Each structure stands twice: as C-alpha cells, then as structure tokens.
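Within every chain, numbering begins at 1; the chains are lettered A, B, ... in the order of the sequence lines, protein sequences first and strands thereafter. Reckoned from all heavy atoms, side chains included, excluding hydrogens, waters and symmetry mates.
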Number of protein chains: 4
Amino acid sequence: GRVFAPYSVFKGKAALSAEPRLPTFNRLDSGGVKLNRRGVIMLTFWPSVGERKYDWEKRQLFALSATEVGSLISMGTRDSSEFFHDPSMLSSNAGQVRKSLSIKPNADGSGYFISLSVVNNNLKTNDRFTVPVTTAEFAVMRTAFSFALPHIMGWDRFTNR
Amino acid sequence: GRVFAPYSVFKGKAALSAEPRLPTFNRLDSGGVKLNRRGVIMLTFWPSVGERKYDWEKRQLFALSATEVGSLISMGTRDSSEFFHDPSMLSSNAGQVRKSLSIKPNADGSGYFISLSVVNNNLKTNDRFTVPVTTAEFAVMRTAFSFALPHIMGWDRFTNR
Amino acid sequence: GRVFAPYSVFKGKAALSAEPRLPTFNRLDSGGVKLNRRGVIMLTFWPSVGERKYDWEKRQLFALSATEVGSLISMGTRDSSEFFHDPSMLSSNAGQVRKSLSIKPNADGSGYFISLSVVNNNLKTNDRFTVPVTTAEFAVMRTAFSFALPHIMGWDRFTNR
Amino acid sequence: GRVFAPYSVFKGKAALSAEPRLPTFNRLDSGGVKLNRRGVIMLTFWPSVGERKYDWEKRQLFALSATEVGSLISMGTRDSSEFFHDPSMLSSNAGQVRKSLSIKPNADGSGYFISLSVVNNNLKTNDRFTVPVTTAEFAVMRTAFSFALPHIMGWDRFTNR
DNA sequence: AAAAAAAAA
DNA sequence: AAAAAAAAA
DNA sequence: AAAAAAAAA
DNA sequence: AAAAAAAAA
C-alpha cells in the first residue's frame, strides 16, 4: 500500500515536504502493461503557527512533472526557475486557482529560496509560503529527485529478472 | 511481459518517444546465464498531422546502442553529435535504407534539435522529422538514459541477493 | 537481518569505516507504511595500536544525517565542511559529550583530511582521530554515499512492482 | 548462478572486456551477514590474431578494486592514472609476475589509451595490449562503473524491503 | 552507540 | 521494426 | 488534492 | 585467474 517517507525542510516561516507519487499502470489485454497516469514529485508547503509549530491544515500542494524535475536537477548555483500551474486545468473550474513555484538563488549563493504562491479567485485568497534551502539541502533534493526521476516515469519496470 | 512507458516530447512539427529495449539472455547449459542480443534505447519519431494530432502510421525508429547513449549523456551544452545507421546491415537489403540522427545545440543554448533523417532508395522516399528539446527535457533524457544504460547492458543482473 | 559491508580506509594513525544504517518504518493501521526513525551513514573511527594494528575497543562514532551527506557529496575539490554533534541531545546527559567532524582539503588537492574530535566532560577525555583520504577514496565515498542517500531517506520504498 | 554480460571494446590490435565480480558474503552465526571477499571490476585484454579475429587463449586479466574504480570515474578529460598489481601478492610466488594498467588521454582529447602490461619473470615473457577508447566508450564505462561500484562493495544489500 | 524536533494519512 | 561482428565459460 | 493533451501494442 | 591486510557484531 501507501508509503510515507517525505524529505522535509522546516524553517522560520514555513515547512516544505517532498515525495514521489508513482505512476499508475494498466494491464493491457495484450498481456503486457501500459503506463496510465504520470508520476510526479509532490511538494507540500505549510505555515508555521506560534513557535516552531506548523499548521498542516493550511497546506498547499505543487506537483512537479518529470520535465520540471529535470529542470531543477540541472540548475546551476546561479540559475533560477519558475513554474506555473492550474490544478483545475482543462476542466470547468480553470482560471480560478493559480499556483506558481519559484526557485531563486539567495544573494550569498549559500542556497535558494523556494516559494509557492497560490492565488484563489474563488475564495478570494492569496497565499505565499517561502522556505530557504541550503546548498546541502538542495543537494539532497537534487540527488533524491534524480534517483526518483526514472521511477516516476515508470522506467524502473524495465528490469532484467 | 511487455512494458510501455515511453518518455515523449510533442512539438510543433513532430513527436519524439524514447524507451529502453532490454537485452535478451540465454541460459547456458553450464547453468549460468549469458547475454545474447543487446539492449538499445529505442527512439520513435512521428509527424504532426492537422492540428496537435500525430500520425503514428508514419513513424520512423532509431536504435541507440550502449555506446551512442554514452555519447549523448556526456554531451556538453555546446556539443553536438551525429549517428548513422543502416537497419538492414550485413544482410541482403543493405545500402537501400539510410538513417541519420543529429543532436545539435540551438543558437540560444536553450536546448537542442533532435532530427531523424531517413532516406529509402527502395521506396524512393526521403523523410525528416525534427523535434526541439529544451534544457529541462534533455535533462530528463540524460538522467533517464544514464539510469537505463546499465540495464540495457544487462548489468542489473549483477546483484547481491 | 543485519548486513556488515563497511567501506574502510586504513591509514597511519587511524582507521575509518562508513556504512548506511537504514531508516525504520511503522505499519500504519490505515494499511500503509510510515517512516519512523531516520537512516544515517554511520562513520566509525579507531586508533592504530602498535604496527599496522587497530584498537577497535577505542572507536568513536559519528552519524551523518541525510543533509550532512548531501553536504559532503556536493563538495568541490577546495571546499571544506565541519559538523557538530551531541549524542545525548535533548536528553538529560547533554552538553557533556561533544563530537565534531571536519573534512578539509589537503594542501596538494590530492585529497582531504577527515577527523573526528570527541570531547567528553564526564570522563574528562579528549580524543582526536584523523584519516587522510585520497581523491580516489573520496570518490568512492561520494559515489557510495549518493547511492545510499535515497535508501537512508527511505525512498527505495517507492518502486513500481 | 553466473551471469556473463561484459561490456567489450574491439579495436585494431586488441580487445577489452569489463565486468563486475560481486563480493562474497558469510552468514554469521549471529544471524546477520558479513562481507567476506571483495568485489572487483574485472578487466580482460586479448590480442587480435589475423584479421578482425581475437585470440581468447592469450588473454590477461586486471582486477580493479573499489578504490581504483573511484579513481577512474573521477578522471577529468586530461587526467591519467596508472595501477600496479602483483597477482601472487603476499604469497610464495610474489615478484614473479607484475601487471600495470595505464589510462592516458590521447592527444586529441578524443579519448584515452588503456593498456595492460604484463611482465612474467617465471616464463620470461613480456606482454602489452593497448586499446583506444573514445569519449563515448569511456562514458559508458564511467556510468557503468559508477552503477556497479555500490554493488561490488556490497552496498546493494542495504535495502528497505 | 547514533545529535532531536516540527504535520500527517 | 531495430545497424552487425569480434572470445568465451 | 495533483496542471492536461498528443500514438499505440 | 583475480594484488593482500588491518576491527568486529
């Protein structure tokens, strides 16, 4: 069944969590198997309430596709990226909620800021969580994401015995 | 049985697909096992017909060997490579069909063009599919190909328990 | 059960050993599984007594977290790092024992010195083991640690079949 | 049982083959397991007789340890290394046979020469096989060796389920 | 014997 | 449908 | 709760 | 046929 092993970073103003969501397959009637819904690396941001305590109730999610992951793992020290998502895309509720994830180098080069911005035009809200990530932490993510990439793409099914 | 989990890139004029084809083994009569036919990373190109629709019927294939894969994964941002294949090599139908795959940096350095050219002297045809690949996409391929390399070489059979 | 396969470096004044300690999980009552205690890469230092012989009785341990590992694997040739640990942290016996691990480039750039310093204010002792590590050896550690990182984080549980 | 999946390079004057030899373990009476004899990446060189044919009878072997592998995978384009081995080391027949493997950059930077030199003072012979390796081929070896490194060290036994 | 804790299904 | 072959247990 | 879709065995 | 040894559960 499920497995819950997130890599988490807890900082002053918010927490950040990351974990793979594996792809789903379908057993063709030809006998073989076929990849159905794509894996992602799910990012969870949540707010620090009171003192070193965190409000899981107010979390926001951002799903990194294979291609966004490749974008993060191939980032230089001075590079930055920005991803834009609509959860209710190609559906009835589109344009209402808008998420943007930005990864920017801090001035020192000592790391990066990762922030999730959520604008909800239905509930008339505007949230923003930012978490600083050291060079070491981002190194864990780079290495963990690279490990995970083949798996969310379903390439770990190509094995000899 | 089979597993179908291609990494695909869909662009203006054509689509590109990539997936490992595992090596085949033979159970020696000595008891052990021996690698028989070599794995490849198969590339499939196909043409965009009408509007964001793609003509799977007109696809062309290109099989990357272990060594060609090593050539792609070790490419710098400014490097380019070109591979030349005859499907009916060392057989009766050689010289008739000629395939060439070129990976070139786009001017921006924002990625690469991958194109397959097929010249068929039997059917008197000349096809060319080109697909632009961003830095992020080519990063997925590099990471996915590196993951896959040991597997198509059959080295995933060397495992402790 | 247990598995004992340390990578070891034996030098003039001391020995150094490194091996992963896997994370522990808990089978939720929801059916799924949940990561409980975190994996580390355990480092063991011990003193050379007499001539090319080593006093296992006087060993000192240092547990690298996921994040410390990411710090070591992402070190340039000229970089150095220093980690500080209190084994009896957040408990009753804190402040008494203090461990610090330093990884510094040797002058040549031919490698690094890895040293563990242990100050025990209970037993009134002060130990220091230093082991030089060549570029090749540190390359084994970098590659072995990167391989191990996903595993100590419990990400090897996310697998397709 | 055995598995035979060598990566091979066939050139003008000789052939080169490479494959992992896994470590051996012992089931402790404590229940757990303990690594016994170390894995290597075995290199096999053999001479080209006549025209594109190769004399397997005259092969010479060279066993790369974990540390030698780390030395090869961390080589820059312009780096070179040289390893020296006595097969009958610490035994009665030492000093008699002497093997040396050299990896040097070719002038172009288009690759490397890998050569095995064997001097046998018992049989009064002196053999030398040299095989040029392109950047692509050496990229396969680097990637395949890095994949294999954890395995020959027995670290693939540290797995979650 | 090991630096811990912070959300949660 | 795929570029092959070269040593061998 | 998650940005989707495009070929196909 | 292979470069070995050094601590230990």
Which donor-acceptor pairs under 3.5 Å do side chains of residues 82-101 of chain D form with protein atoms, sequence neighbours excluded?
from    : atom 1 : to       : atom 2 : distance (Å)
D:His85 : NE2    : D:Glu68  : OE1    : 3.4
D:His85 : NE2    : D:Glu68  : OE2    : 2.7
D:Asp86 : OD1    : D:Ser88  : N      : 3.3
D:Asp86 : OD2    : D:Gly95  : N      : 2.8
D:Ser91 : OG     : D:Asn93  : N      : 3.3
D:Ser91 : OG     : D:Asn93  : OD1    : 3.0
D:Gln96 : OE1    : D:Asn122 : ND2    : 2.8
D:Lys99 : NZ     : D:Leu61  : O      : 2.6

Study note, to complete from the structure: Given protein heavy atoms under 4.0 Å, the one-letter contact record of nucleotides 3-9 of chain G, with B base, S sugar-phosphate only and - none, is simply BBSBBSB

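- C:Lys58 is linked by a salt bridge (charged side-chain N to carboxylate O under 4.0 Å, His left out) to C:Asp55, counting only residues two or more places apart in sequence or in another chain.
- Using a cut-off of 5.5 Å between ring centres and 30° between planes, the six-membered base rings of H:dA5 and H:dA6 qualify as stacked.
- Among pairs with a residue in residues 8-34 of chain D, those fulfilling ring pair (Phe, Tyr, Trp, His ring centres under 6.0 Å) read D:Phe10-D:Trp46, D:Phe10-D:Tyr54, at least two apart in sequence or across chains.
- The separation of F:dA8 from H:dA1, taken at their P atoms, amounts to 15 Å, rounded to a whole angstrom.
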Enumerate donor-acceptor pairs with a distance under 3.5 Å from any side-chain N or O in residues 11-22 of chain D to protein atoms, sequence neighbours excluded.
from    : atom 1 : to       : atom 2 : distance (Å)
D:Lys11 : NZ     : D:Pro132 : O      : 3.0
D:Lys11 : NZ     : D:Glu137 : OE1    : 2.8
D:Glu19 : OE2    : D:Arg21  : NH1    : 2.9

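- Listed by first then second residue, pairs satisfying salt bridge (charged side-chain N to carboxylate O under 4.0 Å, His left out) with a partner in residues 29-54 of chain A number zero, not counting sequence neighbours.
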